[PDB]
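Quick look at query32.txt (compact mmCIF, N, CA and C atoms):
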```
# COMPACT_ATOMS: atom_id res chain seq x y z
N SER Y 31 -63.28 -28.19 -14.97
CA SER Y 31 -63.75 -29.38 -14.28
C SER Y 31 -64.74 -29.02 -13.17
N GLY Y 32 -65.27 -27.80 -13.24
CA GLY Y 32 -66.22 -27.35 -12.25
C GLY Y 32 -65.55 -26.51 -11.17
N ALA Y 33 -65.52 -27.03 -9.95
CA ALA Y 33 -64.91 -26.32 -8.84
C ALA Y 33 -64.04 -27.26 -8.01
N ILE Y 34 -63.78 -28.44 -8.56
CA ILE Y 34 -62.96 -29.45 -7.90
C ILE Y 34 -63.60 -29.95 -6.61
N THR Y 35 -64.25 -31.10 -6.71
CA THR Y 35 -64.90 -31.73 -5.57
C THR Y 35 -64.51 -33.20 -5.50
N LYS Y 36 -65.14 -33.95 -4.60
CA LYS Y 36 -64.84 -35.37 -4.48
C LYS Y 36 -65.27 -36.11 -5.74
N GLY Y 37 -66.35 -35.64 -6.34
CA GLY Y 37 -66.84 -36.24 -7.57
C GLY Y 37 -65.82 -36.12 -8.68
N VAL Y 38 -65.27 -34.92 -8.83
CA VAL Y 38 -64.26 -34.64 -9.84
C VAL Y 38 -62.98 -35.40 -9.50
N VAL Y 39 -62.68 -35.41 -8.21
CA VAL Y 39 -61.50 -36.09 -7.70
C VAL Y 39 -61.56 -37.59 -8.00
N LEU Y 40 -62.73 -38.19 -7.80
CA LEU Y 40 -62.91 -39.60 -8.07
C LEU Y 40 -62.65 -39.91 -9.54
N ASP Y 41 -63.26 -39.12 -10.42
CA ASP Y 41 -63.07 -39.29 -11.85
C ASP Y 41 -61.59 -39.25 -12.21
N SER Y 42 -60.84 -38.45 -11.46
CA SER Y 42 -59.40 -38.31 -11.67
C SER Y 42 -58.63 -39.51 -11.11
N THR Y 43 -59.11 -40.06 -10.00
CA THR Y 43 -58.46 -41.22 -9.39
C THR Y 43 -58.71 -42.47 -10.23
N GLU Y 44 -59.88 -42.54 -10.86
CA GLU Y 44 -60.24 -43.67 -11.69
C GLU Y 44 -59.54 -43.60 -13.04
N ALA Y 45 -59.62 -42.43 -13.68
CA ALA Y 45 -59.00 -42.22 -14.98
C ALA Y 45 -57.54 -42.68 -14.96
N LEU Y 46 -56.81 -42.27 -13.92
CA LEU Y 46 -55.41 -42.66 -13.80
C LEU Y 46 -55.30 -44.15 -13.51
N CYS Y 47 -56.22 -44.66 -12.69
CA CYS Y 47 -56.23 -46.08 -12.35
C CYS Y 47 -56.29 -46.91 -13.63
N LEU Y 48 -57.02 -46.40 -14.62
CA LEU Y 48 -57.14 -47.07 -15.90
C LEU Y 48 -55.84 -46.96 -16.67
N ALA Y 49 -55.15 -45.83 -16.50
CA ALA Y 49 -53.87 -45.63 -17.15
C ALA Y 49 -52.91 -46.72 -16.71
N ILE Y 50 -53.03 -47.12 -15.45
CA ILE Y 50 -52.19 -48.17 -14.90
C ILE Y 50 -52.64 -49.50 -15.50
N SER Y 51 -53.94 -49.60 -15.75
CA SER Y 51 -54.52 -50.79 -16.34
C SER Y 51 -54.18 -50.84 -17.82
N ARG Y 52 -53.68 -49.72 -18.33
CA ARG Y 52 -53.31 -49.61 -19.74
C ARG Y 52 -51.88 -50.10 -19.96
N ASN Y 53 -51.10 -50.14 -18.89
CA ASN Y 53 -49.71 -50.58 -18.97
C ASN Y 53 -49.62 -52.08 -19.21
N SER Y 54 -50.76 -52.69 -19.55
CA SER Y 54 -50.82 -54.12 -19.82
C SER Y 54 -51.47 -54.38 -21.17
N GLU Y 55 -52.29 -53.43 -21.61
CA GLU Y 55 -52.99 -53.53 -22.89
C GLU Y 55 -52.01 -53.42 -24.05
N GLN Y 56 -50.91 -52.70 -23.83
CA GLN Y 56 -49.89 -52.50 -24.85
C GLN Y 56 -48.72 -51.68 -24.30
N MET Y 57 -48.33 -51.99 -23.06
CA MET Y 57 -47.22 -51.31 -22.38
C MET Y 57 -47.61 -49.91 -21.92
N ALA Y 58 -48.40 -49.20 -22.72
CA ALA Y 58 -48.83 -47.84 -22.39
C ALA Y 58 -47.63 -46.97 -22.01
N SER Y 59 -47.62 -46.49 -20.76
CA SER Y 59 -46.53 -45.64 -20.28
C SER Y 59 -46.69 -45.35 -18.79
N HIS Y 60 -45.59 -45.45 -18.06
CA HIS Y 60 -45.60 -45.19 -16.62
C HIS Y 60 -45.88 -43.71 -16.37
N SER Y 61 -45.59 -42.89 -17.38
CA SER Y 61 -45.81 -41.45 -17.28
C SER Y 61 -47.28 -41.11 -17.45
N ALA Y 62 -48.09 -42.13 -17.72
CA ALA Y 62 -49.52 -41.94 -17.90
C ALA Y 62 -50.21 -41.88 -16.54
N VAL Y 63 -49.96 -42.90 -15.73
CA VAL Y 63 -50.52 -42.97 -14.38
C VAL Y 63 -49.87 -41.92 -13.49
N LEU Y 64 -48.63 -41.60 -13.83
CA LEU Y 64 -47.85 -40.60 -13.12
C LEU Y 64 -48.36 -39.19 -13.41
N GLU Y 65 -48.47 -38.85 -14.69
CA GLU Y 65 -48.96 -37.53 -15.10
C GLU Y 65 -50.36 -37.32 -14.56
N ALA Y 66 -51.22 -38.31 -14.80
CA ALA Y 66 -52.58 -38.25 -14.32
C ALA Y 66 -52.57 -38.31 -12.81
N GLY Y 67 -51.52 -38.95 -12.29
CA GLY Y 67 -51.35 -39.09 -10.86
C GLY Y 67 -51.21 -37.76 -10.16
N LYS Y 68 -50.35 -36.90 -10.71
CA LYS Y 68 -50.11 -35.58 -10.14
C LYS Y 68 -51.35 -34.71 -10.22
N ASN Y 69 -52.05 -34.77 -11.35
CA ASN Y 69 -53.26 -33.98 -11.54
C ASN Y 69 -54.29 -34.31 -10.46
N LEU Y 70 -54.45 -35.60 -10.18
CA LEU Y 70 -55.41 -36.05 -9.18
C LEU Y 70 -55.04 -35.55 -7.79
N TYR Y 71 -53.78 -35.76 -7.40
CA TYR Y 71 -53.32 -35.31 -6.09
C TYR Y 71 -53.57 -33.83 -5.97
N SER Y 72 -53.45 -33.14 -7.10
CA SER Y 72 -53.67 -31.71 -7.15
C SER Y 72 -55.12 -31.37 -6.83
N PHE Y 73 -56.08 -32.02 -7.50
CA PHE Y 73 -57.49 -31.72 -7.24
C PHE Y 73 -57.88 -32.03 -5.81
N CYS Y 74 -57.43 -33.17 -5.31
CA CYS Y 74 -57.73 -33.58 -3.95
C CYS Y 74 -57.20 -32.56 -2.94
N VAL Y 75 -55.92 -32.22 -3.08
CA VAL Y 75 -55.27 -31.26 -2.20
C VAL Y 75 -56.00 -29.92 -2.15
N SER Y 76 -56.53 -29.48 -3.28
CA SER Y 76 -57.23 -28.22 -3.33
C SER Y 76 -58.70 -28.40 -2.96
N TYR Y 77 -59.12 -29.65 -2.86
CA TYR Y 77 -60.50 -29.99 -2.52
C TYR Y 77 -60.69 -30.17 -1.01
N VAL Y 78 -59.60 -30.50 -0.31
CA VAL Y 78 -59.67 -30.70 1.14
C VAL Y 78 -59.84 -29.38 1.88
N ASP Y 79 -59.66 -28.28 1.16
CA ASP Y 79 -59.82 -26.96 1.75
C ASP Y 79 -61.29 -26.68 2.01
N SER Y 80 -62.13 -27.63 1.61
CA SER Y 80 -63.57 -27.51 1.79
C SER Y 80 -64.09 -28.51 2.82
N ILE Y 81 -63.18 -29.29 3.42
CA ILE Y 81 -63.59 -30.26 4.43
C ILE Y 81 -64.13 -29.55 5.66
N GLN Y 82 -65.42 -29.74 5.95
CA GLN Y 82 -66.04 -29.13 7.10
C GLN Y 82 -65.80 -29.98 8.34
N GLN Y 83 -65.66 -31.28 8.11
CA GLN Y 83 -65.44 -32.25 9.17
C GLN Y 83 -64.36 -31.82 10.17
N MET Y 84 -63.22 -31.34 9.66
CA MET Y 84 -62.11 -30.87 10.51
C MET Y 84 -61.22 -32.01 11.02
N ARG Y 85 -61.56 -32.54 12.20
CA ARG Y 85 -60.78 -33.62 12.82
C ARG Y 85 -60.84 -34.90 11.99
N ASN Y 86 -61.54 -34.84 10.87
CA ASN Y 86 -61.68 -35.97 9.97
C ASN Y 86 -61.00 -35.65 8.65
N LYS Y 87 -60.77 -34.36 8.43
CA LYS Y 87 -60.09 -33.89 7.24
C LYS Y 87 -58.71 -34.53 7.16
N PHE Y 88 -58.10 -34.72 8.32
CA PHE Y 88 -56.78 -35.33 8.40
C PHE Y 88 -56.81 -36.71 7.75
N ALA Y 89 -57.86 -37.47 8.05
CA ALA Y 89 -58.03 -38.81 7.50
C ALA Y 89 -57.96 -38.81 5.97
N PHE Y 90 -58.88 -38.10 5.33
CA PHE Y 90 -58.92 -38.04 3.87
C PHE Y 90 -57.67 -37.38 3.30
N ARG Y 91 -57.27 -36.27 3.90
CA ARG Y 91 -56.11 -35.51 3.44
C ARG Y 91 -54.85 -36.36 3.44
N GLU Y 92 -54.55 -36.99 4.57
CA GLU Y 92 -53.37 -37.84 4.68
C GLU Y 92 -53.38 -38.90 3.58
N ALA Y 93 -54.57 -39.41 3.26
CA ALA Y 93 -54.69 -40.41 2.19
C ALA Y 93 -54.18 -39.81 0.89
N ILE Y 94 -54.52 -38.54 0.68
CA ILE Y 94 -54.08 -37.82 -0.50
C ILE Y 94 -52.57 -37.75 -0.51
N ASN Y 95 -52.03 -37.50 0.68
CA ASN Y 95 -50.59 -37.41 0.86
C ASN Y 95 -49.95 -38.72 0.42
N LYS Y 96 -50.61 -39.84 0.73
CA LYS Y 96 -50.10 -41.15 0.34
C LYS Y 96 -49.86 -41.17 -1.16
N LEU Y 97 -50.85 -40.70 -1.93
CA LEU Y 97 -50.71 -40.66 -3.38
C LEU Y 97 -49.52 -39.80 -3.77
N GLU Y 98 -49.25 -38.77 -2.97
CA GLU Y 98 -48.14 -37.86 -3.24
C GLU Y 98 -46.82 -38.62 -3.28
N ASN Y 99 -46.47 -39.27 -2.17
CA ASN Y 99 -45.24 -40.04 -2.08
C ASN Y 99 -45.33 -41.34 -2.87
N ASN Y 100 -46.54 -41.68 -3.33
CA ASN Y 100 -46.73 -42.90 -4.10
C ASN Y 100 -46.23 -42.67 -5.51
N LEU Y 101 -46.65 -41.54 -6.09
CA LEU Y 101 -46.22 -41.17 -7.42
C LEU Y 101 -44.73 -40.88 -7.39
N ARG Y 102 -44.27 -40.38 -6.24
CA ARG Y 102 -42.86 -40.06 -6.05
C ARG Y 102 -41.99 -41.27 -6.34
N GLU Y 103 -42.26 -42.38 -5.66
CA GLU Y 103 -41.50 -43.61 -5.88
C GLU Y 103 -41.85 -44.22 -7.23
N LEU Y 104 -42.99 -43.82 -7.77
CA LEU Y 104 -43.46 -44.33 -9.06
C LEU Y 104 -42.75 -43.63 -10.21
N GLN Y 105 -42.15 -42.47 -9.93
CA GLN Y 105 -41.44 -41.70 -10.95
C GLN Y 105 -40.43 -42.56 -11.69
N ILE Y 106 -39.18 -42.51 -11.24
CA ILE Y 106 -38.14 -43.29 -11.87
C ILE Y 106 -37.11 -43.77 -10.85
N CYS Y 107 -36.63 -42.85 -10.02
CA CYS Y 107 -35.64 -43.16 -8.99
C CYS Y 107 -34.30 -43.56 -9.61
N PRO Y 108 -33.19 -43.37 -8.87
CA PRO Y 108 -31.85 -43.70 -9.36
C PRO Y 108 -31.77 -45.08 -9.99
N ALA Y 109 -31.93 -46.12 -9.17
CA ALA Y 109 -31.87 -47.49 -9.66
C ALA Y 109 -32.39 -48.48 -8.61
N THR Y 110 -32.83 -47.95 -7.47
CA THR Y 110 -33.35 -48.77 -6.39
C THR Y 110 -34.47 -49.69 -6.89
N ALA Y 111 -35.39 -49.13 -7.66
CA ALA Y 111 -36.51 -49.89 -8.20
C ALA Y 111 -36.02 -50.89 -9.25
N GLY Y 112 -35.64 -50.38 -10.41
CA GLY Y 112 -35.15 -51.24 -11.48
C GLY Y 112 -33.81 -50.80 -12.01
N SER Y 113 -32.76 -51.56 -11.70
CA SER Y 113 -31.42 -51.23 -12.15
C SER Y 113 -31.21 -51.65 -13.60
N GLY Y 114 -32.16 -52.40 -14.13
CA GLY Y 114 -32.07 -52.86 -15.50
C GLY Y 114 -32.81 -54.16 -15.74
N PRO Y 115 -32.23 -55.30 -15.35
CA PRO Y 115 -32.85 -56.61 -15.55
C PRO Y 115 -34.23 -56.70 -14.91
N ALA Y 116 -34.28 -56.56 -13.59
CA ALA Y 116 -35.54 -56.63 -12.86
C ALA Y 116 -36.43 -55.43 -13.17
N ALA Y 117 -37.63 -55.70 -13.68
CA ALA Y 117 -38.57 -54.65 -14.02
C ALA Y 117 -39.69 -54.57 -12.99
N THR Y 118 -40.38 -55.69 -12.80
CA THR Y 118 -41.48 -55.78 -11.84
C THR Y 118 -42.53 -54.71 -12.09
N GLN Y 119 -43.67 -55.14 -12.60
CA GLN Y 119 -44.76 -54.24 -12.91
C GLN Y 119 -46.03 -54.62 -12.16
N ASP Y 120 -46.11 -54.17 -10.92
CA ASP Y 120 -47.27 -54.44 -10.07
C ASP Y 120 -47.61 -53.20 -9.25
N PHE Y 121 -48.33 -52.28 -9.88
CA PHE Y 121 -48.70 -51.03 -9.24
C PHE Y 121 -49.98 -51.18 -8.42
N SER Y 122 -50.09 -52.28 -7.67
CA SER Y 122 -51.28 -52.50 -6.84
C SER Y 122 -51.29 -51.56 -5.65
N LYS Y 123 -50.14 -50.92 -5.39
CA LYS Y 123 -50.04 -49.98 -4.29
C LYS Y 123 -50.85 -48.74 -4.62
N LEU Y 124 -50.70 -48.28 -5.85
CA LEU Y 124 -51.44 -47.13 -6.33
C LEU Y 124 -52.93 -47.42 -6.24
N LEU Y 125 -53.26 -48.71 -6.28
CA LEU Y 125 -54.63 -49.16 -6.19
C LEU Y 125 -55.16 -49.02 -4.76
N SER Y 126 -54.37 -49.50 -3.80
CA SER Y 126 -54.75 -49.42 -2.39
C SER Y 126 -54.86 -47.97 -1.93
N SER Y 127 -53.97 -47.12 -2.46
CA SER Y 127 -53.95 -45.71 -2.10
C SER Y 127 -55.21 -44.98 -2.56
N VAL Y 128 -55.61 -45.21 -3.81
CA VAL Y 128 -56.79 -44.56 -4.37
C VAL Y 128 -58.05 -44.96 -3.63
N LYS Y 129 -58.29 -46.26 -3.55
CA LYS Y 129 -59.47 -46.78 -2.87
C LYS Y 129 -59.61 -46.18 -1.48
N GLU Y 130 -58.48 -46.04 -0.79
CA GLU Y 130 -58.46 -45.48 0.56
C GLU Y 130 -59.04 -44.06 0.60
N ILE Y 131 -58.49 -43.16 -0.22
CA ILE Y 131 -58.95 -41.78 -0.24
C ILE Y 131 -60.47 -41.71 -0.37
N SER Y 132 -60.99 -42.32 -1.42
CA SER Y 132 -62.43 -42.34 -1.65
C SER Y 132 -63.16 -42.93 -0.45
N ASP Y 133 -62.67 -44.07 0.03
CA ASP Y 133 -63.27 -44.75 1.18
C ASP Y 133 -63.49 -43.81 2.36
N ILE Y 134 -62.68 -42.76 2.45
CA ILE Y 134 -62.79 -41.81 3.55
C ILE Y 134 -63.82 -40.71 3.29
N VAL Y 135 -63.73 -40.04 2.14
CA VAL Y 135 -64.64 -38.94 1.82
C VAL Y 135 -66.12 -39.30 1.93
N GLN Y 136 -66.52 -40.42 1.35
CA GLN Y 136 -67.93 -40.81 1.38
C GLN Y 136 -68.44 -40.98 2.82
N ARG Y 137 -67.60 -41.52 3.69
CA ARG Y 137 -67.96 -41.72 5.09
C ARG Y 137 -67.46 -40.52 5.88
N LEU Y 138 -67.40 -39.40 5.19
CA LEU Y 138 -66.91 -38.16 5.76
C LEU Y 138 -67.86 -37.01 5.45
N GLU Y 139 -68.46 -37.03 4.26
CA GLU Y 139 -69.39 -35.99 3.85
C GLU Y 139 -70.65 -36.60 3.23
```

Let me see whether you can do it: turn the structure in this file into structure tokens.
Amino acid sequence: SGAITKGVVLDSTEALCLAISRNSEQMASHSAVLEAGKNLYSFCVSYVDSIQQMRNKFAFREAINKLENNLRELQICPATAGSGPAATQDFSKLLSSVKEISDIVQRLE
């Protein structure tokens, strides 16, 4: 994927975003946005090591962290989320998290 940059990172944030958009086209799979989710957090995390900004790296980086704990709750969990009957499929949070990260890098580098 090159050397892992914001450009590559974006493609990863979008690709997964579509995976979430796929959970409506035909159910798809929660492990799609999740699997792609981890890969993205991975590129970003290894990409922040190039942030020259410094006191601004925290901004973008922390956003990445959000995706970290975002996928975490997105995994499966004991039963807090869905004990069975209640499913609720609105991953708009993953949406706010992604947009945020990008929103920072562009106004950062």

Select from range 63-118 of chain Y every residue with an atom at most 6.5 Å from any atom of range 32-50 of chain Y, then for each give the shortest pair of atoms and their distance in Å to one decimal, using only N, CA and C atoms, rows by chain and rising number, as JSON lines.
```
{"residue": "Y:63", "atom": "N", "partner": "Y:49", "partner_atom": "C", "distance": 4.9}
{"residue": "Y:66", "atom": "CA", "partner": "Y:46", "partner_atom": "CA", "distance": 5.3}
{"residue": "Y:67", "atom": "N", "partner": "Y:46", "partner_atom": "CA", "distance": 5.6}
{"residue": "Y:70", "atom": "CA", "partner": "Y:42", "partner_atom": "C", "distance": 5.1}
{"residue": "Y:73", "atom": "C", "partner": "Y:39", "partner_atom": "CA", "distance": 5.8}
{"residue": "Y:74", "atom": "N", "partner": "Y:39", "partner_atom": "CA", "distance": 5.6}
{"residue": "Y:76", "atom": "C", "partner": "Y:34", "partner_atom": "C", "distance": 6.3}
{"residue": "Y:77", "atom": "CA", "partner": "Y:34", "partner_atom": "C", "distance": 5.1}
```

Preceding selection exported with N, CA and C atoms as a short mmCIF file (atom, residue, chain, number, x, y, z; two decimals), in the coordinates of the input:
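See result15.cif below for the written result:
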```cif
data_model
loop_
_atom_site.label_atom_id
_atom_site.label_comp_id
_atom_site.auth_asym_id
_atom_site.auth_seq_id
_atom_site.Cartn_x
_atom_site.Cartn_y
_atom_site.Cartn_z
N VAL Y 63 -49.96 -42.90 -15.73
CA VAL Y 63 -50.52 -42.97 -14.38
C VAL Y 63 -49.87 -41.92 -13.49
N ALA Y 66 -51.22 -38.31 -14.80
CA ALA Y 66 -52.58 -38.25 -14.32
C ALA Y 66 -52.57 -38.31 -12.81
N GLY Y 67 -51.52 -38.95 -12.29
CA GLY Y 67 -51.35 -39.09 -10.86
C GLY Y 67 -51.21 -37.76 -10.16
N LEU Y 70 -54.45 -35.60 -10.18
CA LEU Y 70 -55.41 -36.05 -9.18
C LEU Y 70 -55.04 -35.55 -7.79
N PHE Y 73 -56.08 -32.02 -7.50
CA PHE Y 73 -57.49 -31.72 -7.24
C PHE Y 73 -57.88 -32.03 -5.81
N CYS Y 74 -57.43 -33.17 -5.31
CA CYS Y 74 -57.73 -33.58 -3.95
C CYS Y 74 -57.20 -32.56 -2.94
N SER Y 76 -56.53 -29.48 -3.28
CA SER Y 76 -57.23 -28.22 -3.33
C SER Y 76 -58.70 -28.40 -2.96
N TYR Y 77 -59.12 -29.65 -2.86
CA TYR Y 77 -60.50 -29.99 -2.52
C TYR Y 77 -60.69 -30.17 -1.01
#
```

With only C-alpha atoms as the counted atoms, please give the residues lying no more than 10 Å from residue 101 in chain Y, apart from itself and same-chain residues fewer than 5 positions off, as a ChimeraX atom specification.
/Y:61,63-68,71,96,106,124

What does the structure give for the distance between CA of residue 84 in chain Y and CA of residue 139 in chain Y, in Å to one decimal?
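If I compute the distance from CA of residue 84 in chain Y to CA of residue 139 in chain Y, I get 11.1 Å.
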
Which neighbours of residue 93 in chain Y fall inside 9 Å, counting only C-alpha atoms, when residues of the same chain fewer than 5 positions from it are skipped, and could you give them as a list in words?
residues 88, 98, 127, 128, 130, 131, 132 and 134 of chain Y

Export N, CA and C atoms of the chosen residues as a PDB file, in the coordinates of the input?
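Ended up saving to selection.pdb:
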```pdb
ATOM      1  N   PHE Y  88     -58.100 -34.720   8.320  1.00  0.00           N
ATOM      2  CA  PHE Y  88     -56.780 -35.330   8.400  1.00  0.00           C
ATOM      3  C   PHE Y  88     -56.810 -36.710   7.750  1.00  0.00           C
ATOM      4  N   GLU Y  98     -49.250 -38.770  -2.970  1.00  0.00           N
ATOM      5  CA  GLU Y  98     -48.140 -37.860  -3.240  1.00  0.00           C
ATOM      6  C   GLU Y  98     -46.820 -38.620  -3.280  1.00  0.00           C
ATOM      7  N   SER Y 127     -53.970 -47.120  -2.460  1.00  0.00           N
ATOM      8  CA  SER Y 127     -53.950 -45.710  -2.100  1.00  0.00           C
ATOM      9  C   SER Y 127     -55.210 -44.980  -2.560  1.00  0.00           C
ATOM     10  N   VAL Y 128     -55.610 -45.210  -3.810  1.00  0.00           N
ATOM     11  CA  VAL Y 128     -56.790 -44.560  -4.370  1.00  0.00           C
ATOM     12  C   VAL Y 128     -58.050 -44.960  -3.630  1.00  0.00           C
ATOM     13  N   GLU Y 130     -58.480 -46.040  -0.790  1.00  0.00           N
ATOM     14  CA  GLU Y 130     -58.460 -45.480   0.560  1.00  0.00           C
ATOM     15  C   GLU Y 130     -59.040 -44.060   0.600  1.00  0.00           C
ATOM     16  N   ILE Y 131     -58.490 -43.160  -0.220  1.00  0.00           N
ATOM     17  CA  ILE Y 131     -58.950 -41.780  -0.240  1.00  0.00           C
ATOM     18  C   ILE Y 131     -60.470 -41.710  -0.370  1.00  0.00           C
ATOM     19  N   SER Y 132     -60.990 -42.320  -1.420  1.00  0.00           N
ATOM     20  CA  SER Y 132     -62.430 -42.340  -1.650  1.00  0.00           C
ATOM     21  C   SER Y 132     -63.160 -42.930  -0.450  1.00  0.00           C
ATOM     22  N   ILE Y 134     -62.680 -42.760   2.450  1.00  0.00           N
ATOM     23  CA  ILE Y 134     -62.790 -41.810   3.550  1.00  0.00           C
ATOM     24  C   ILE Y 134     -63.820 -40.710   3.290  1.00  0.00           C
TER      25      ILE Y 134
END
```

Compare Y:75, Y:123, Y:135, Y:116 by their minimum atom-to-atom distance to residue 100 in chain Y, counting all atoms listed in the file, and give me the closest one.
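So, comparing all the options, the nearest one is Y:123.
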
Between atom C of residue 103 in chain Y and atom C of residue 69 in chain Y, what is the distance, to one decimal in Å?
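So the two atoms, atom C of residue 103 in chain Y and atom C of residue 69 in chain Y, lie 16.2 Å apart.
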
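If you measure from each of Y:104, Y:138, Y:109, Y:117 to residue 80 in chain Y using only C-alpha atoms, the closest one turns out to be Y:138.
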
Quick check for you: according to DSSP on this backbone, which residues of range 102-134 of chain Y are classed as helix (DSSP H, G or I)? Reply as a count of residues only.
16

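The interatomic distance for the pair CA of residue 89 in chain Y and CA of residue 107 in chain Y works out to 28.1 Å.
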
Smallest atom-to-atom distance to residue 105 in chain Y: which of Y:129, Y:60, Y:137, Y:87, using only N, CA and C atoms?
Y:60
